[PDB]
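Undergrad: Below is the structure I would like to discuss, written out as structure tokens.
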Amino acid sequence: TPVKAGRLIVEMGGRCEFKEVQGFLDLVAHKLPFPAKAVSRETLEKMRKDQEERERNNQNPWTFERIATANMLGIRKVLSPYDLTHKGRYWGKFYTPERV
Amino acid sequence: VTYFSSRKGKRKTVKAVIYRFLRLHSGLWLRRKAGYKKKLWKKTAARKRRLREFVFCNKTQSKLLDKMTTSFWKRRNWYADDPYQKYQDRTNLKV
Amino acid sequence: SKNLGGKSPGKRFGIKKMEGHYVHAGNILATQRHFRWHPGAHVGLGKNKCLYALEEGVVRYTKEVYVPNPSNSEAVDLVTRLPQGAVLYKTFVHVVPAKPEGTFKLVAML
Amino acid sequence: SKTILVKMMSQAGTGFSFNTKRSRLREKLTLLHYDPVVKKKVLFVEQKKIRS
Amino acid sequence: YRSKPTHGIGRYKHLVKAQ
Amino acid sequence: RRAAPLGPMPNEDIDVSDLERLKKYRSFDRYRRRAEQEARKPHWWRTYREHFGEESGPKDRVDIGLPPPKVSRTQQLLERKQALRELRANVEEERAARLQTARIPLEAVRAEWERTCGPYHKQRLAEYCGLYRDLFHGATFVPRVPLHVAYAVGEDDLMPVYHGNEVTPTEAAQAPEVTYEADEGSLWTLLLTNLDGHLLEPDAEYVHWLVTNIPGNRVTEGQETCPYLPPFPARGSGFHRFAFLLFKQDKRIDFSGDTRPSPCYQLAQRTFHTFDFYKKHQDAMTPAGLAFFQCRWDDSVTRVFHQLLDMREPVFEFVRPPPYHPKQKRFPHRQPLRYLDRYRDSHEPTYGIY
RNA sequence: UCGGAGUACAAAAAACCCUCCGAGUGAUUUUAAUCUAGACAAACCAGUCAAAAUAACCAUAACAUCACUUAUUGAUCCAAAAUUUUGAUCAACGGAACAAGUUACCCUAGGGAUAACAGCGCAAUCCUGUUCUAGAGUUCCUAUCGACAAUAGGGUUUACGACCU
RNA sequence: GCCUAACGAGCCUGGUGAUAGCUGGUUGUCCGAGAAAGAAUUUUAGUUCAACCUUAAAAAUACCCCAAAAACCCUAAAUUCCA
Ligand SMILES: Nc1nc2c(ncn2[C@@H]2O[C@H](COP(=O)(O)O)[C@@H](O)[C@H]2O)c(=O)[nH]1
Ligand SMILES: [Mg+2]
Ligand SMILES: [Mg+2]
Ligand SMILES: [Mg+2]
Ligand SMILES: [Mg+2]
Ligand SMILES: [Mg+2]
Ligand SMILES: [Mg+2]
Ligand SMILES: [Mg+2]
Ligand SMILES: [Mg+2]
Ligand SMILES: [Mg+2]
Ligand SMILES: [Mg+2]
Ligand SMILES: [Mg+2]
Ligand SMILES: [Mg+2]
Ligand SMILES: [Mg+2]
Ligand SMILES: [Mg+2]
Ligand SMILES: [Mg+2]
Ligand SMILES: [Mg+2]
Ligand SMILES: [Mg+2]
Ligand SMILES: [Mg+2]
Ligand SMILES: [Mg+2]
Ligand SMILES: [Mg+2]
Ligand SMILES: [Mg+2]
Ligand SMILES: [Mg+2]
Ligand SMILES: [Mg+2]
Ligand SMILES: [Mg+2]
Ligand SMILES: [Mg+2]
Ligand SMILES: [Mg+2]
Ligand SMILES: [Mg+2]
Ligand SMILES: [Mg+2]
Ligand SMILES: [Mg+2]
Ligand SMILES: [Mg+2]
Ligand SMILES: [Mg+2]
């Protein structure tokens, strides 16, 4: 089965608190082929709001988006078309969340 | 092609050309279409017509056929009753 | 091997003249495997489904309502099963005729 | 089943011929064709068998 | 044509279900 | 790369969800109708109507008319309802219907039509034949007063001029009988114009017969400005159109400017612009009646040019443009021999130095 | 050799000992003419459409149809026919008119354009470690092991590639 | 196996300047422009056609190109065509 980054593999509900489920779910997560985490609704929305807040905080004027879309420095030559969507956050099958 | 013959030291003509083409004096060569007698029952009326035509050769072929043919075949001929005398000169050609 | 003979050249189906071009009568406007473009005004249909200009003029493309010939079973069935507000649309090619049909000249004054 | 290529001749007395694929196990073929010399639609009957 | 505003104007099959 | 539709897409309205509960036209014909209605609407995408000349499309019409007759809606409605009650009532009529034997008294229908919606039909015929385009240039009028024109072909023979009809110049050799209905405080002007067939001037026309200050229905009593001149198309050109115009005027108008000599066989003297002529007298004259006919050259016309106008007779052809041939090539490739004949000048051998 | 779909996402074109379906014809009668503007396609050969005009027929009467319709095919020469045509699993399908094995008894011309040895690349296979513990260990995960899996390295093996000779 | 130091068929002369799509070689100076492969082929170690290119010569538009325009279920970067 193909799995793209950002997709939920397994969904656990219950009368549980997040912490127990987290404890054993992180094992499974660790034994998956891709890098993966254990998350709750709270944790997920937390990291998404953090993700966008990081990108409206950004001090340097120069973002991958701004440069790629406008083809500055003729940079499109080295980029893939898909990059216009991926915005330097995804490279191959790898996803680095730190990338704004 | 023989460029220098043995006996005469002249340049021979390739007769196989003289049998299937016709040289107008303008330099245009004329030929029959290929397979025009072949398997007629199997072909469209339209296609049959397209085959029955007499057609002209492109430049490359024309130069080739010229090289394969001596000077005699390029002379201006006046034949009595000739169908093709009408077609020997070129008119209104702006080039 | 298992797989064989996938090899055949492209048929060069496509559209030969484009909107706004000038054409002379008999020019092939487009050629196609299935009807993609339908013939419009002053455009003849070939038996291979290709479109050619019947008049000298300018090529125009257009979307229009499609009302199939009642002798054609399939198309009538397709039309008949449509919801009551619906109307089939298709894409057409026309030639807007350029030259006047002919002129009146003075032959002789008797 | 095989078909057959037969030569068909005008009854218009004009020598004129056209060849036709016809079913082998069928009857001797007879048609109404166009004869160019008489410029008419006339009756053609199969004279000969050309190809098999 | 995909690029144009008029794209899919001739689209029908979703109106009639024959399968 | 998707673009965004500009305005509504055609079928976007109906619900795809639950197709089975939607009503369909199982009729081919219903579909055909709906389609022809859809083809008459002003869409936002390139369409046939757009390129093929709806002829100015939307046009605000300057109208120089006679004011439409004022009639009570409700009263008329009542009367008609009644008449149809009476007509439906009879058993005789129903017998006539089931057994497929009935006839309509065409003369009466023609009278009613002349009286009622006739003016509009005559109008759109005039629009079709471009009367309005060549006369008043922008202007449409409804022919409120019916105009009856006829010619005498013999003692017992009468050739009517309806709108758009064909008449032979032989028939038209004499001035026609003219009839319309008005009481007299009235003053009218009648005009006969040849719309095309002016030889020198594409934008101008010929006055044939112009009559003025016409009391009531009395035709001959009016002073004739331009005496009747028989129709004279030219041999080559087909179907010139002649126009009978009828203006209702208030004041008596006198024009020495428009008056022509009594014989007046000069063509430069009859040269006319209906537009200008109307501009002049615009205040008093309001165009009312219209009837016109199509006319092609016939034998009798020859007599005119020689005998009256003291001219030679011009004859025309219809000349089609020469066929288009591509630039000639030095080595036409794969082209039939007869190719060389397309660029041939004339069929005749030419032996240059020989 | 020929065709349809993908590869080749929207004009065209576009490869693989690439992925998949087919063709080497039936059946039928509407037996489907002559001539010619202009074009498509295209190295060439071959392929395709087609107005007007003639002639056929209702007395202003020219698209053979169906099977996914697309493919159902073959040049010159030469043979048979006599008036106008017909003939190739020429399927190595642009086609030599007609010809098989074997050589370690071999020869010559070349090739690192191409194999066997070795190197190099790579790491499927191989070898090391760590990560994760269900389980074995009487009880007890990690004394000794450790399935399902994870991360990273090594460059012994068999291959793979054909880059130096 | 042997047949005058090399015999899967001797040696010598002639045919002979055999024929090699294969390897090697191919001799003054300076200047102008300048090329990576579509098609057939007992063809893929080669040819012959195209496309490019060179040298002359005739011309007139040539690239660049905004709308408008190019399909039917879903479909991107973008193409085509043009003032
Ligand atoms: N089938 C056929 N064979 C031909 C043709 N032209 C020449 N031939 C050859 O002519 C020869 C006739 O003798 P056969 O071998 O048939 O008895 C054969 O070698 C054949 O290949 C042709 O056009 N068709
Ligand atoms: Mg393919
Ligand atoms: Mg190919
Ligand atoms: Mg082309
Ligand atoms: Mg015709
Ligand atoms: Mg071969
Ligand atoms: Mg081959
Ligand atoms: Mg080929
Ligand atoms: Mg040979
Ligand atoms: Mg041994
Ligand atoms: Mg050797
Ligand atoms: Mg190598
Ligand atoms: Mg190589
Ligand atoms: Mg060795
Ligand atoms: Mg080894
Ligand atoms: Mg070694
Ligand atoms: Mg090795
Ligand atoms: Mg080494
Ligand atoms: Mg490694
Ligand atoms: Mg245990
Ligand atoms: Mg992991
Ligand atoms: Mg080593
Ligand atoms: Mg490997
Ligand atoms: Mg390589
Ligand atoms: Mg010896
Ligand atoms: Mg040599
Ligand atoms: Mg070679
Ligand atoms: Mg270079
Ligand atoms: Mg061969
Ligand atoms: Mg070359
Ligand atoms: Mg544009
Ligand atoms: Mg331009």
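Simple scheme: letters A, B, ... for chains in structure tokens order, numbers from 1 for residues in each chain, numbers from 1 for ligands in the order shown.
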Distance limit 10 Å, atoms considered: only C-alpha atoms. Which chain C residues sit that close to chain E? Return them as a PyMOL selection string.

TA: chain C and resi 63-66+78-83+86-91

Undergrad: How about saving the chosen residues, N, CA, C and O atoms kept, as a tab-separated table (two decimals), in the first residue's frame?

TA:
chain	number	residue	atom	x	y	z
C	63	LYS	N	-18.98	26.58	-29.93
C	63	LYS	CA	-19.78	25.56	-29.25
C	63	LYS	C	-21.24	25.75	-29.62
C	63	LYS	O	-21.71	26.88	-29.68
C	64	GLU	N	-21.96	24.65	-29.85
C	64	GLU	CA	-23.36	24.75	-30.27
C	64	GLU	C	-24.23	23.57	-29.90
C	64	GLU	O	-23.73	22.52	-29.52
C	65	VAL	N	-25.54	23.76	-30.00
C	65	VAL	CA	-26.47	22.71	-29.62
C	65	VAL	C	-26.52	21.61	-30.67
C	65	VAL	O	-26.45	21.86	-31.88
C	66	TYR	N	-26.63	20.39	-30.19
C	66	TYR	CA	-26.48	19.23	-31.03
C	66	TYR	C	-27.80	18.53	-31.16
C	66	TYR	O	-28.34	18.01	-30.19
C	78	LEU	N	-29.84	8.47	-26.92
C	78	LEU	CA	-29.08	9.28	-25.97
C	78	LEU	C	-29.81	10.57	-25.66
C	78	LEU	O	-29.84	11.01	-24.51
C	79	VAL	N	-30.40	11.18	-26.67
C	79	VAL	CA	-31.07	12.45	-26.47
C	79	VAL	C	-32.35	12.26	-25.67
C	79	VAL	O	-32.70	13.09	-24.84
C	80	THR	N	-33.01	11.13	-25.90
C	80	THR	CA	-34.32	10.89	-25.34
C	80	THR	C	-34.25	10.63	-23.83
C	80	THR	O	-35.18	10.92	-23.09
C	81	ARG	N	-33.12	10.12	-23.35
C	81	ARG	CA	-33.01	9.78	-21.94
C	81	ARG	C	-32.57	10.95	-21.05
C	81	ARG	O	-32.45	10.80	-19.84
C	82	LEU	N	-32.34	12.11	-21.65
C	82	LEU	CA	-31.86	13.26	-20.90
C	82	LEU	C	-32.92	13.87	-20.02
C	82	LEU	O	-34.10	13.86	-20.37
C	83	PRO	N	-32.52	14.42	-18.87
C	83	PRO	CA	-33.40	15.23	-18.03
C	83	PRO	C	-33.94	16.43	-18.80
C	83	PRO	O	-33.26	16.95	-19.67
C	86	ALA	N	-32.02	19.68	-19.98
C	86	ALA	CA	-30.67	19.47	-20.51
C	86	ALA	C	-30.58	19.65	-22.01
C	86	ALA	O	-31.51	19.32	-22.73
C	87	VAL	N	-29.45	20.16	-22.47
C	87	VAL	CA	-29.20	20.23	-23.90
C	87	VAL	C	-27.77	19.84	-24.25
C	87	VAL	O	-26.82	20.43	-23.74
C	88	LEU	N	-27.63	18.86	-25.14
C	88	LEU	CA	-26.32	18.45	-25.63
C	88	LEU	C	-25.59	19.57	-26.36
C	88	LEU	O	-26.16	20.24	-27.22
C	89	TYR	N	-24.32	19.78	-26.03
C	89	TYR	CA	-23.49	20.73	-26.78
C	89	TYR	C	-22.30	20.01	-27.42
C	89	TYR	O	-21.84	18.99	-26.91
C	90	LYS	N	-21.84	20.53	-28.55
C	90	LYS	CA	-20.68	19.97	-29.25
C	90	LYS	C	-19.85	21.10	-29.83
C	90	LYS	O	-20.27	22.26	-29.80
C	91	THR	N	-18.67	20.77	-30.34
C	91	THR	CA	-17.79	21.78	-30.90
C	91	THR	C	-17.72	21.75	-32.44
C	91	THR	O	-17.45	20.72	-33.04

Undergrad: Give me, as a PyMOL selection string, the set of residues whose atoms come within 8 Å of any atom of ligand 5, counting only C-alpha atoms (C1' of nucleotides) and all ligand atoms.

TA: chain G and resi 51-53+62

Undergrad: Store the residues picked out above, limited to N, CA, C and O atoms (P, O5', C5', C4', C3', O3' and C1' of nucleotides), as a PDB file, in the first residue's frame.

TA:
ATOM      1  P     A G  51     -16.758  15.765 -53.204  1.00  0.00           P
ATOM      2  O5'   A G  51     -17.095  17.259 -53.606  1.00  0.00           O
ATOM      3  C5'   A G  51     -17.608  18.137 -52.625  1.00  0.00           C
ATOM      4  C4'   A G  51     -17.495  19.565 -53.071  1.00  0.00           C
ATOM      5  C3'   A G  51     -18.099  19.890 -54.425  1.00  0.00           C
ATOM      6  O3'   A G  51     -19.514  20.026 -54.398  1.00  0.00           O
ATOM      7  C1'   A G  51     -15.956  20.848 -54.276  1.00  0.00           C
ATOM      8  P     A G  52     -20.421  19.396 -55.571  1.00  0.00           P
ATOM      9  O5'   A G  52     -20.020  20.257 -56.849  1.00  0.00           O
ATOM     10  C5'   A G  52     -20.223  21.661 -56.854  1.00  0.00           C
ATOM     11  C4'   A G  52     -19.476  22.340 -57.975  1.00  0.00           C
ATOM     12  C3'   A G  52     -19.742  21.813 -59.369  1.00  0.00           C
ATOM     13  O3'   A G  52     -20.950  22.286 -59.930  1.00  0.00           O
ATOM     14  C1'   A G  52     -17.430  21.989 -59.066  1.00  0.00           C
ATOM     15  P     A G  53     -21.941  21.250 -60.650  1.00  0.00           P
ATOM     16  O5'   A G  53     -21.165  20.836 -61.978  1.00  0.00           O
ATOM     17  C5'   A G  53     -20.551  21.807 -62.816  1.00  0.00           C
ATOM     18  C4'   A G  53     -19.756  21.136 -63.906  1.00  0.00           C
ATOM     19  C3'   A G  53     -20.470  19.983 -64.584  1.00  0.00           C
ATOM     20  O3'   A G  53     -21.368  20.434 -65.577  1.00  0.00           O
ATOM     21  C1'   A G  53     -18.287  19.304 -63.994  1.00  0.00           C
ATOM     22  P     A G  62     -27.284  11.950 -56.659  1.00  0.00           P
ATOM     23  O5'   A G  62     -26.024  11.073 -56.233  1.00  0.00           O
ATOM     24  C5'   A G  62     -24.878  11.659 -55.624  1.00  0.00           C
ATOM     25  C4'   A G  62     -23.928  10.602 -55.111  1.00  0.00           C
ATOM     26  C3'   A G  62     -22.462  11.037 -54.993  1.00  0.00           C
ATOM     27  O3'   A G  62     -21.855  10.588 -53.762  1.00  0.00           O
ATOM     28  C1'   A G  62     -22.640   9.154 -56.450  1.00  0.00           C
TER      29        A G  62
END

Undergrad: Return as an MDAnalysis selection string the residues of protein, DNA or RNA that approach ligand 9 to within 12 Å, with only C-alpha atoms (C1' of nucleotides) and all ligand atoms taken into account.

TA: (chainID G and resid 76:77 95:97) or (chainID H and resid 42)

Undergrad: What residues of the protein or nucleic acid chains come within 9 Å of ligand 19 when you use only C-alpha atoms (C1' of nucleotides) and all ligand atoms? Reply as a list in words.

TA: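 Final answer, ordered by chain and number: residues 122, 123, 153, 154 and 155 of chain G.
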
Undergrad: Please dump the current selection as a PDB file, in the first residue's frame; keep N, CA and C atoms (P, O5', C5', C4', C3', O3' and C1' of nucleotides).

TA:
ATOM      1  P     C G 122      29.411   3.036  -5.833  1.00  0.00           P
ATOM      2  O5'   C G 122      28.148   2.092  -5.913  1.00  0.00           O
ATOM      3  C5'   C G 122      26.974   2.533  -6.556  1.00  0.00           C
ATOM      4  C4'   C G 122      26.085   1.367  -6.845  1.00  0.00           C
ATOM      5  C3'   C G 122      25.738   0.518  -5.643  1.00  0.00           C
ATOM      6  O3'   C G 122      24.649   1.059  -4.924  1.00  0.00           O
ATOM      7  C1'   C G 122      26.378  -0.857  -7.460  1.00  0.00           C
ATOM      8  P     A G 123      24.631   1.028  -3.323  1.00  0.00           P
ATOM      9  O5'   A G 123      24.158  -0.450  -2.986  1.00  0.00           O
ATOM     10  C5'   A G 123      23.053  -1.032  -3.666  1.00  0.00           C
ATOM     11  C4'   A G 123      23.056  -2.530  -3.527  1.00  0.00           C
ATOM     12  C3'   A G 123      22.965  -3.021  -2.091  1.00  0.00           C
ATOM     13  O3'   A G 123      22.218  -4.231  -2.047  1.00  0.00           O
ATOM     14  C1'   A G 123      24.970  -3.802  -3.067  1.00  0.00           C
ATOM     15  P     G G 153      24.824   4.788   5.754  1.00  0.00           P
ATOM     16  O5'   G G 153      25.906   3.628   5.909  1.00  0.00           O
ATOM     17  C5'   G G 153      27.239   3.933   6.277  1.00  0.00           C
ATOM     18  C4'   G G 153      27.862   2.828   7.088  1.00  0.00           C
ATOM     19  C3'   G G 153      28.703   1.827   6.324  1.00  0.00           C
ATOM     20  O3'   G G 153      29.986   2.329   5.988  1.00  0.00           O
ATOM     21  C1'   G G 153      27.295   0.680   7.826  1.00  0.00           C
ATOM     22  P     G G 154      30.586   2.114   4.510  1.00  0.00           P
ATOM     23  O5'   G G 154      31.243   0.673   4.601  1.00  0.00           O
ATOM     24  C5'   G G 154      32.073   0.326   5.696  1.00  0.00           C
ATOM     25  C4'   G G 154      32.311  -1.156   5.726  1.00  0.00           C
ATOM     26  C3'   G G 154      32.766  -1.756   4.409  1.00  0.00           C
ATOM     27  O3'   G G 154      34.171  -1.684   4.269  1.00  0.00           O
ATOM     28  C1'   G G 154      31.019  -3.062   5.360  1.00  0.00           C
ATOM     29  P     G G 155      34.843  -1.063   2.952  1.00  0.00           P
ATOM     30  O5'   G G 155      34.921  -2.300   1.957  1.00  0.00           O
ATOM     31  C5'   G G 155      35.145  -3.619   2.443  1.00  0.00           C
ATOM     32  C4'   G G 155      34.660  -4.655   1.462  1.00  0.00           C
ATOM     33  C3'   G G 155      35.017  -4.372   0.008  1.00  0.00           C
ATOM     34  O3'   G G 155      35.220  -5.605  -0.669  1.00  0.00           O
ATOM     35  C1'   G G 155      32.673  -4.482   0.229  1.00  0.00           C
TER      36        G G 155
END

Undergrad: Any idea what's packed within 9 Å of region 82-86 of chain A, counting only C-alpha atoms (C1' of nucleotides), ignoring anything in its chain fewer than 3 positions away? Could you give it as number ranges by chain?

TA: A: 64-65, 68-69, 79, 89-91; H: 76-77

Undergrad: When the cut-off is 12 Å and you count only C-alpha atoms (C1' of nucleotides) and all ligand atoms, which residues lie near ligand 24, shown as a list in words?

TA: residues 113, 114, 161, 162 and 163 of chain G

Undergrad: Residues within 7 Å of ligand 27, counting only C-alpha atoms (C1' of nucleotides) and all ligand atoms: report them as a PyMOL selection string.

TA: chain H and resi 21+45-46

Undergrad: Near chain E, meaning an atom within 12 Å, which residues of chain H appear when counting only C-alpha atoms (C1' of nucleotides)? Write them as a PDB file with N, CA and C atoms (P, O5', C5', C4', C3', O3' and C1' of nucleotides), in the first residue's frame.

TA:
ATOM      1  P     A H  68      -9.238  35.132 -24.016  1.00  0.00           P
ATOM      2  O5'   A H  68      -9.860  34.876 -25.463  1.00  0.00           O
ATOM      3  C5'   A H  68     -10.985  35.622 -25.913  1.00  0.00           C
ATOM      4  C4'   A H  68     -11.279  35.390 -27.377  1.00  0.00           C
ATOM      5  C3'   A H  68     -11.351  33.942 -27.832  1.00  0.00           C
ATOM      6  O3'   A H  68     -12.566  33.295 -27.502  1.00  0.00           O
ATOM      7  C1'   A H  68      -9.999  35.137 -29.326  1.00  0.00           C
ATOM      8  P     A H  69     -12.518  31.835 -26.832  1.00  0.00           P
ATOM      9  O5'   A H  69     -11.856  30.942 -27.964  1.00  0.00           O
ATOM     10  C5'   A H  69     -12.495  30.790 -29.219  1.00  0.00           C
ATOM     11  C4'   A H  69     -11.708  29.884 -30.122  1.00  0.00           C
ATOM     12  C3'   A H  69     -11.331  28.537 -29.533  1.00  0.00           C
ATOM     13  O3'   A H  69     -12.383  27.601 -29.640  1.00  0.00           O
ATOM     14  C1'   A H  69      -9.439  29.517 -30.553  1.00  0.00           C
ATOM     15  P     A H  70     -12.462  26.350 -28.647  1.00  0.00           P
ATOM     16  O5'   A H  70     -11.317  25.383 -29.164  1.00  0.00           O
ATOM     17  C5'   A H  70     -11.498  24.645 -30.359  1.00  0.00           C
ATOM     18  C4'   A H  70     -10.396  23.640 -30.548  1.00  0.00           C
ATOM     19  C3'   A H  70     -10.119  22.744 -29.356  1.00  0.00           C
ATOM     20  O3'   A H  70     -10.981  21.622 -29.323  1.00  0.00           O
ATOM     21  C1'   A H  70      -8.089  23.647 -30.158  1.00  0.00           C
ATOM     22  P     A H  71     -11.495  21.043 -27.920  1.00  0.00           P
ATOM     23  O5'   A H  71     -12.218  19.684 -28.287  1.00  0.00           O
ATOM     24  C5'   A H  71     -13.627  19.647 -28.421  1.00  0.00           C
ATOM     25  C4'   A H  71     -14.250  18.632 -27.497  1.00  0.00           C
ATOM     26  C3'   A H  71     -14.041  18.872 -26.007  1.00  0.00           C
ATOM     27  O3'   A H  71     -15.170  18.345 -25.324  1.00  0.00           O
ATOM     28  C1'   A H  71     -13.183  16.777 -26.570  1.00  0.00           C
ATOM     29  P     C H  72     -15.766  19.088 -24.038  1.00  0.00           P
ATOM     30  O5'   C H  72     -16.680  17.980 -23.344  1.00  0.00           O
ATOM     31  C5'   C H  72     -16.140  16.726 -22.944  1.00  0.00           C
ATOM     32  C4'   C H  72     -16.722  15.584 -23.740  1.00  0.00           C
ATOM     33  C3'   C H  72     -16.854  14.257 -23.006  1.00  0.00           C
ATOM     34  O3'   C H  72     -18.019  14.188 -22.194  1.00  0.00           O
ATOM     35  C1'   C H  72     -15.853  13.896 -25.113  1.00  0.00           C
ATOM     36  P     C H  73     -18.238  12.989 -21.138  1.00  0.00           P
ATOM     37  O5'   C H  73     -16.810  12.776 -20.467  1.00  0.00           O
ATOM     38  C5'   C H  73     -16.303  13.692 -19.509  1.00  0.00           C
ATOM     39  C4'   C H  73     -16.347  13.111 -18.119  1.00  0.00           C
ATOM     40  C3'   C H  73     -15.308  13.643 -17.146  1.00  0.00           C
ATOM     41  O3'   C H  73     -15.678  14.885 -16.574  1.00  0.00           O
ATOM     42  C1'   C H  73     -15.399  11.278 -17.008  1.00  0.00           C
ATOM     43  P     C H  74     -14.637  16.110 -16.557  1.00  0.00           P
ATOM     44  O5'   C H  74     -13.529  15.660 -15.503  1.00  0.00           O
ATOM     45  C5'   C H  74     -13.888  15.174 -14.215  1.00  0.00           C
ATOM     46  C4'   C H  74     -12.692  14.633 -13.468  1.00  0.00           C
ATOM     47  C3'   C H  74     -11.410  15.446 -13.566  1.00  0.00           C
ATOM     48  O3'   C H  74     -11.417  16.601 -12.747  1.00  0.00           O
ATOM     49  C1'   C H  74     -10.919  13.135 -13.785  1.00  0.00           C
ATOM     50  P     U H  75     -10.492  17.858 -13.127  1.00  0.00           P
ATOM     51  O5'   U H  75      -9.025  17.374 -12.739  1.00  0.00           O
ATOM     52  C5'   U H  75      -7.889  18.091 -13.190  1.00  0.00           C
ATOM     53  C4'   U H  75      -6.698  17.189 -13.389  1.00  0.00           C
ATOM     54  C3'   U H  75      -5.681  17.685 -14.401  1.00  0.00           C
ATOM     55  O3'   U H  75      -4.820  18.680 -13.887  1.00  0.00           O
ATOM     56  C1'   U H  75      -6.177  15.440 -14.865  1.00  0.00           C
ATOM     57  P     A H  76      -4.989  20.193 -14.397  1.00  0.00           P
ATOM     58  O5'   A H  76      -3.544  20.817 -14.198  1.00  0.00           O
ATOM     59  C5'   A H  76      -2.990  20.898 -12.900  1.00  0.00           C
ATOM     60  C4'   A H  76      -1.511  20.636 -12.908  1.00  0.00           C
ATOM     61  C3'   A H  76      -0.677  21.455 -13.870  1.00  0.00           C
ATOM     62  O3'   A H  76      -0.478  22.789 -13.435  1.00  0.00           O
ATOM     63  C1'   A H  76       0.053  19.209 -13.883  1.00  0.00           C
ATOM     64  P     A H  78       4.232  26.568 -16.205  1.00  0.00           P
ATOM     65  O5'   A H  78       3.759  26.046 -17.625  1.00  0.00           O
ATOM     66  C5'   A H  78       4.586  26.198 -18.761  1.00  0.00           C
ATOM     67  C4'   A H  78       4.622  24.935 -19.577  1.00  0.00           C
ATOM     68  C3'   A H  78       4.463  25.123 -21.070  1.00  0.00           C
ATOM     69  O3'   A H  78       5.671  25.508 -21.682  1.00  0.00           O
ATOM     70  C1'   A H  78       3.041  23.393 -20.357  1.00  0.00           C
ATOM     71  P     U H  79       5.642  26.239 -23.105  1.00  0.00           P
ATOM     72  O5'   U H  79       5.278  25.061 -24.093  1.00  0.00           O
ATOM     73  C5'   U H  79       4.940  25.348 -25.427  1.00  0.00           C
ATOM     74  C4'   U H  79       4.353  24.146 -26.094  1.00  0.00           C
ATOM     75  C3'   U H  79       3.670  24.444 -27.407  1.00  0.00           C
ATOM     76  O3'   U H  79       4.594  24.539 -28.472  1.00  0.00           O
ATOM     77  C1'   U H  79       2.236  23.144 -26.071  1.00  0.00           C
ATOM     78  P     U H  80       4.650  25.873 -29.361  1.00  0.00           P
ATOM     79  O5'   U H  80       3.472  25.632 -30.401  1.00  0.00           O
ATOM     80  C5'   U H  80       3.249  24.331 -30.928  1.00  0.00           C
ATOM     81  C4'   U H  80       1.845  24.165 -31.435  1.00  0.00           C
ATOM     82  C3'   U H  80       1.324  25.292 -32.302  1.00  0.00           C
ATOM     83  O3'   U H  80       1.750  25.173 -33.644  1.00  0.00           O
ATOM     84  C1'   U H  80      -0.309  24.675 -30.709  1.00  0.00           C
TER      85        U H  80
END

Undergrad: Near chain F, meaning an atom within 10 Å, which residues of chain G appear when counting only C-alpha atoms (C1' of nucleotides)? Write them as a PyMOL selection string.

TA: chain G and resi 10+36-38

Undergrad: As a PyMOL selection string, please: every protein or nucleic acid residue near ligand 8 (cut-off 12 Å, counting only C-alpha atoms (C1' of nucleotides) and all ligand atoms).

TA: (chain C and resi 7-9) or (chain G and resi 1-2+42-47+74+93-94) or (chain H and resi 39-41)

Undergrad: Could those selected residues go to a file with C-alpha atoms (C1' of nucleotides), as a PDB file, in the first residue's frame?

TA:
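Wrote it out as selection_37.pdb, contents follow:
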ATOM      1  CA  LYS C   7       4.364  -0.961 -32.694  1.00  0.00           C
ATOM      2  CA  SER C   8       2.562   1.318 -35.077  1.00  0.00           C
ATOM      3  CA  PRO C   9       3.216   4.914 -36.074  1.00  0.00           C
TER       4      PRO C   9
ATOM      5  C1'   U G   1       4.712  -6.886 -41.247  1.00  0.00           C
ATOM      6  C1'   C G   2      -0.116  -4.295 -40.135  1.00  0.00           C
ATOM      7  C1'   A G  42       5.311  12.146 -46.188  1.00  0.00           C
ATOM      8  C1'   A G  43      13.130  10.836 -46.732  1.00  0.00           C
ATOM      9  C1'   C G  44      11.668   8.074 -51.100  1.00  0.00           C
ATOM     10  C1'   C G  45       8.127   4.402 -52.428  1.00  0.00           C
ATOM     11  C1'   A G  46       3.636   4.111 -50.843  1.00  0.00           C
ATOM     12  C1'   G G  47      -0.751   6.060 -48.279  1.00  0.00           C
ATOM     13  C1'   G G  74       3.280  -7.183 -50.720  1.00  0.00           C
ATOM     14  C1'   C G  93       6.593  -9.099 -44.516  1.00  0.00           C
ATOM     15  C1'   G G  94      11.134  -2.193 -49.159  1.00  0.00           C
TER      16        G G  94
ATOM     17  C1'   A H  39      13.608   6.854 -42.446  1.00  0.00           C
ATOM     18  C1'   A H  40      14.756   2.392 -45.084  1.00  0.00           C
ATOM     19  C1'   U H  41      18.424  -1.311 -45.715  1.00  0.00           C
TER      20        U H  41
END
